[PDB]
Ligand SMILES: [Ca+2]
Ligand SMILES: [Ca+2]
Ligand SMILES: [Ca+2]
Ligand SMILES: [Ca+2]
Ligand SMILES: [Ca+2]
Ligand SMILES: [Ca+2]
Ligand SMILES: [Ca+2]
Ligand SMILES: [Ca+2]
Ligand SMILES: [Ca+2]
Ligand code: NA
């Protein structure tokens, strides 16, 4: 018969094999008994127990024959028997209990609930306290060996809120992609064993792009000078807008706003390249339009897209592309007849010549001269065009005088237009 009915023993988790759990004696014959004892396990409460322990059948010494895992099973209940060969006897049997004492063999486990596994992401300037990923820390031991706290690290714009079940990782700042497209976090964790076993976990935070900026122009108002009578399809000016966003959000497409210039349309005067290049679609003419301005848009692919527009002033410069035009006196094939008294004095105003020129400035300025003919008997004012007599006529003066007035301008190469004034002396 066994010394005690029930035995309780504490055994370290993960104790090596052949560790002495206990040496039982079935009270080997006291004052005699038939003798030749034999020990054996006859039953286990959990069958798992079968494979963790062993007993010498003759000496009666229980030892470890397996890995005692507290997280698997912590209590082992063994029914054991001692026998005298059944000559004329009963079997004695007691109940052994091995408590598996928990030790700190599991350190913390840090897990991220997100969709794209391990790719944590968040859109620019997402709001303060916007949850990005649920983190879950665990330690599979019991007690202090099971308890755990964890913390973010280094200054970053995020934080964690510890809860009963799990923690939560959220935004704690303003995120701008144009400034930073990524952060590099490290969650540090540890258990409360002695000494405490620690875990780190490092991972990335990809800040996803928003279409939060439009294409910025280099200038709000561009200007360019052109020369009059330019060729159709001749380059004028380049504008440029850049968008800091990603892809479609940041591509740039140029458009010219509908406007009418002098009664038609911008298109009919000007067009735009999808590269910010402005081409003259027509031959410009300073006498029609010395200046016109227009707006030019820029847009990007986003839902919905965004715009910036800039103004464009075109200065049309003057060239001397208008020869002057004789308009007084009226002209037949470019000549006029006038009459005058023969006894006319000196200074008599014969006629007054005048021309119009459309160009502006020097290009448009007129000077009058007698080019040829009876330049001796008449004189012309350089600015008026007033033709007057410079001599008296009498006694066998010819009765008819021919003079060629011209009006020329002041351009790089001066243009001009003549007229033939015939003078007849009416007595
Ligand atoms: Ca274990
Ligand atoms: Ca353990
Ligand atoms: Ca632990
Ligand atoms: Ca931004
Ligand atoms: Ca952006
Ligand atoms: Ca944009
Ligand atoms: Ca012109
Ligand atoms: Ca002119
Ligand atoms: Ca002109
Ligand atoms: Na023994």
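No Cβ is skipped: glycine too gets one built from the backbone with ideal geometry, and neighbour counts run over all protein chains shown. All of this is worked out from the model, or read from it or from the source named; nothing here is a laboratory result.
At a glance:
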| quantity | calculated |
| --- | --- |
| Residue list for region 251-308, restricted to those being under 29 Å from the mean Cα position of the chain (by Cα), part of a loop (DSSP other than H, G, I, E, B) and either within 16 Å of ligand 5 (Cβ to nearest atom) or within 30 Å of residue 323 (Cβ to Cβ) (or both) | 251, 252, 300, 301, 302, 303, 304, 305, 306 |
| Restricting region 197-214 to residues that are within 17 Å of residue 116 (Cα to Cα) and within 16 Å of ligand 6 (Cβ to nearest atom), the residue that is nearest to the chain's Cα centre (by Cα) | 209 |
| Among (1) within 16 Å of ligand 4 (Cβ to nearest atom); (2) closer than 20 Å to residue 120 by Cβ, the one test that residue 188 misses | (1) |
| Scan of region 321-359 for residues that are within 16 Å of ligand 9 (Cβ to nearest atom) and either surrounded by 15 or more Cβ atoms within 10 Å (Cβ to Cβ) or free of Cβ contacts under 8 Å to residues at least 12 places away in the same chain (or both), ordered by number | 321, 322, 323, 324, 355, 357, 358, 359 |
| Residue among 2, 41 that alone is in a strand (DSSP E or B) and within 16 Å of ligand 10 (Cβ to nearest atom) | 41 |
| Residue satisfying condition, being more than 16 Å from ligand 3 (Cβ to nearest atom) and surrounded by 13 or more Cβ atoms within 10 Å (Cβ to Cβ), within set 215, 220, 196, 232 | 215 |
| Breaking point among (1) assigned by CATH to the domain that holds residue 267; (2) in contact (Cβ under 8 Å) with a residue 24 or more places away in the chain, for residue 304 | (2) |
| Hits in region 174-186 - residues which are surrounded by 12 or more Cβ atoms within 10 Å (Cβ to Cβ) and outside any strand (DSSP E or B) | 174, 175, 176, 177, 178, 180, 181 |
| Condition check for residue 238: over 30 Å from residue 293 (Cβ atoms), within 24 Å of the chain's Cα centre (by Cα) and away from ligand 4 (no atom under 16 Å from the Cβ) | no |
| Filter pass, residue 60 being exposed (fewer than 13 other Cβ atoms within 10 Å of the Cβ), without any contact (Cβ under 8 Å) to a residue 40 or more places away in the chain, more than 30 Å from residue 141 (Cβ to Cβ) and outside the structural domain of residue 140 (by CATH) | no |
| Within region 386-414, considering residues that are crowded, with 18+ Cβ neighbours inside 10 Å and under 23 Å from residue 361 (Cβ atoms), the one farthest from ligand 9 (Cβ to nearest atom) | 406 |
| Total residues in region 309-334, condition in a strand (DSSP E or B) and within 16 Å of ligand 8 (Cβ to nearest atom) | 5 |
| Where a residue in region 1-27 is in contact (Cβ under 8 Å) with a residue 24 or more places away in the chain and its partner, wherever it lies, is part of a loop (DSSP other than H, G, I, E, B) and loosely packed, with under 12 Cβ neighbours inside 10 Å, with Cβ under 6 Å and at least six apart | 27/3 |
